[PDB]
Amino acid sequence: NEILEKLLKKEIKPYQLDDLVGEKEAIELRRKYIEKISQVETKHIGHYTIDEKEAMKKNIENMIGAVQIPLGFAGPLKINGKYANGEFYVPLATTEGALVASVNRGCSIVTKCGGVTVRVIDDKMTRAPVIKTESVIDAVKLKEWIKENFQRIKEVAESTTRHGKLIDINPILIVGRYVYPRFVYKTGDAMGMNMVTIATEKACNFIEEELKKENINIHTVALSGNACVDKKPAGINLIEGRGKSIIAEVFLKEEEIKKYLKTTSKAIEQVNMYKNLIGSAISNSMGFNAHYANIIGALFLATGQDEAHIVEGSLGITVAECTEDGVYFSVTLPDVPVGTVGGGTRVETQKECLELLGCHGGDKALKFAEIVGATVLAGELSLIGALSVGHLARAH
């Protein structure tokens, strides 16, 4: 009580409440502090089963409760991957109606036709700092020095982490006298948000010192130089890739398309071409798809991924082609940063969804990436197929 009055007078801030009073009681006190400023009473945000101690330590600050996202599931989904095999039930958490229904319909169609073939094309997490040099001459010198002394930098970077490994620094961009070297790391099963930052920091300080020994003065302005590129849509991430680069594909027979999707192959090809290809092209889109972000989002929320990386998951191309036997349908997601350890996967409810996939813990990130790609193709196929049905009806 005496505590609540000091916050209203702004004597103490809500952030030091965890040190004064217990963390669990600090949350009940911060919930009532806003209830009185806004003058409204809350009922639902109070209830949570998640551990408030580890949450305040690794996932949230100034906690007042928890928000509840409705959780559904789509399945069965037969996946023909290299790390994920068998029928799966994908948990999806969204507030949008018809979305889980869309994916669930696509899952059933795909499973009765042999399943999705999905492969992880690449796996890397990047961090591109911005380093200021005195002149372009020093920038050229810095680029050359980094290329020859890679092995030394690798040792310095890898000393910060037991799981991360530096595999390349390419490309190394130069704008005038500013250099953007793209550190490429293997992060194991983690997404590696903070891992690559710690490794890159020591590598930058090491690079900073060794050049000082040769009368070349440089200094790092920021470890995230917006060439990473993190939580933004960028061409470098469409071409060179980032996180897990995934491709999923299916071959459907004309009989299966008419039986389950109630349409024809050339109708799917036409919808995909006018919408996903030409439509995205003339509107200058980087997402030559229809549904990636929607499916990424629901699956990202359930498993505790970084919400902001849905930005990156929306890039990719959907290719649908008329074959002699039926259609070839594929989705290409060159930018999908995921992890099965750390971050939001430790949160209780999100931890459970990964376990329902068999994907919580080590040696399971690639398995998760193959599920992500397979779930996207199911939803994308369901939608393009539904649009092609309308394309056929209106065609007559």
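Start at 1 and count along the sequence shown; that's the residue number.
Two stretches are in play, 81-89 and 281-289, and the higher mean C-alpha B-factor belongs to 81-89. Between the stretches 245-253 and 102-110, it is 102-110 that shows the larger average CA temperature factor. Ranking 327, 369, 347, 333 by Cα temperature factor from the entry places 347 first. The maximum CA B-factor among the listed residues 186, 162, 132, 275, taken from the PDB record, is found at 162. Ranked against the other modelled residues of its chain, the C-alpha B-factor of residue 268 as given in the entry falls in the lowest third. Among the modelled residues of the chain, residue 123 sits in the middle third by CA temperature factor in this PDB entry. For residue 391, the recorded CA B-factor ranks within the lowest third of the chain. Only modelled residues enter the ranking. Among the modelled residues of its chain, residue 150 has a C-alpha B-factor that falls in the middle third according to the deposited record. Split the chain's modelled residues into thirds by C-alpha temperature factor. Residue 232 is in the middle one.
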